[PDB]
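Coordinates in review
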Amino acid sequence: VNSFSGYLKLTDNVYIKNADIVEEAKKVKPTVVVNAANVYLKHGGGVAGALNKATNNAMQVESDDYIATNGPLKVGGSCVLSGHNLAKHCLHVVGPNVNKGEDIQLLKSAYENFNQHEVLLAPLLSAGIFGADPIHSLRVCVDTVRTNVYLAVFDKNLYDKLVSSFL
Ligand SMILES: Cc1ccccc1[C@H](CC(=O)O)NC(=O)c1ncnc2[nH]ccc12
């Protein structure tokens, strides 16, 4: 039993809700919140900008130190950093950005990072300003993630389409 509330159950291990991931994180304080990161951990917009803003820019400060030490992530890769006031940990995952020409096959690799964590709150990878088809992102999620994932979809209109079109 966990504290996630109001989710629709899609599969054995994948759940979904129309919710602002920022507000959802503040309420549940999950062990892991997933960020829709880029390889530079520059949290300017989209989910990343919103999560970072909610940390009062502490996420960005921590991220800049991480990059200065380690260099950029790989597309499809991830790193675990602090969850600040939102969660115990933030798993920064880099899905391919279609508006950068990056291989969509990398989306499966990106979701594989979720399997290292028993329970996660997460957005759809490569969705939103990353340019991929969110319906496809959901399919890859369900077919790749085996751990318990609670997906927050900000746009109500998109949430309804994702549910109504789910096979
Ligand atoms: C996954 C993604 C990647 C890039 C850009 C947007 C998104 C998603 C898309 C969706 O889930 O609809 N949007 C949001 O996460 C969002 N949108 C508006 N206000 C917000 N406040 C906290 C989060 C939040």
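Residues numbered from 1 in each chain as written, not as in the entry; some residues may be left out. Heavy atoms only, no water.

As recorded in the entry header, the structure was determined using X-ray crystallography to a resolution of 1.0000 Å.

The PDB entry lists the protein under the name Non-structural protein 3, with Severe acute respiratory syndrome coronavirus 2 as the source organism.

Let us look at the site of the ligand. Every one of the 15 residues lining the ligand counts as a neighbour, but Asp20, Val47, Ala127, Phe154 and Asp155 are closest to it. At 2.7 Å from an oxygen atom of the ligand is found a main-chain nitrogen or oxygen belonging to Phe154. Relative to its free-state accessible area of 520 Å², the ligand is covered by the protein chains to the extent of 83%. Of all the elements in the fold, those that place two or more residues in the shell around the ligand are α1 (21–28), α2 (46–54) and β7 (148–153). The dominant element in the shell around the ligand, judged by the number of residues it contributes, is α2, at 3 residues. Its residues placed into classes, the shell around the ligand shows 11 nonpolar, 2 polar and 2 charged. (Near = heavy atom within 4 Å. Polar contact = N/O pair within 3.5 Å; in protein donor to acceptor, adjacent residues only side chain to side chain. Areas by Shrake-Rupley, 256 points an atom, 1.4 Å probe, with all protein chains shown as cover. Helix = DSSP H or I, 4+ residues; strand = E, 2+ residues; numbered from the N terminus. Nonpolar A, V, L, I, M, F, W, Y, C, P; charged D, E, K, R; others polar.)

In the structure shown here, the tally under the stated rule is 5 aromatic pairs. Seen from their ring centres, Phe4 and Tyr7 are 5.7 Å apart, and the 90° between their planes marks the pair as edge-to-face. Both residues of the pair, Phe4 and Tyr7, belong to the buried class. Put simply, the rings of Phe4, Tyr7, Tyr15 and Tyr150 touch in pairs and so form one group of aromatic residues. (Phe/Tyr/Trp six-rings, centres within 6.5 Å; stacked < 30°, edge-to-face > 60°. Buried < 20%, exposed > 50% of the residue type's maximum accessible area, 1.4 Å probe, protein only.)

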